[PDB]
């Protein structure tokens, strides 16, 4: 697909806040958020994070991601990774992750990208594996019902 990218803008918030289709999907990309997702919750994340970026195809915002950790010369950690349900499986996240890797390299001089993915999120785990991310550790977390889940902490060298 012909894809472009740019920093997220206020007009994009409504569309992006619509990407998570259920409580599980919101949990996977933003576990601190509370369902239902809202533009206020998205805007709050953007304001306390860095590098909020959208992927665009055929005039439609189809993907979003940002960094929740950024350490110059060291690493960035990617979060809020989400794609419009109708546009999944078409390379939008692959594209946007490539863009985010370049941004980490160029703006943060990062040697490493960290991505953490919840155990139930098979689509995420398989994506990051295909992009060359390796699992490093597993941490315990809790889901919104208080049930115990496993957070798979992965990384990839940059440059």
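Residue numbers count along the first chain shown, from 1.
Look at the C-alpha B-factors of 62-70 and of 103-111. On average they run higher in 103-111. Relative to one another, 113-121 and 53-61 have unequal mean CA B-factors, and 53-61 is the one with the higher figure. In this PDB entry, the Cα temperature factor of residue 46 sits in the middle third of its chain's modelled residues. In the deposited entry, the Cα temperature factor of residue 26 sits in the bottom third of values across the chain's modelled residues.
Placement of the Cα temperature factor of residue 93 within the chain: lowest third of the modelled residues, per the deposited record. In the deposited entry, the Cα temperature factor of residue 84 sits in the middle third of values across the chain's modelled residues.
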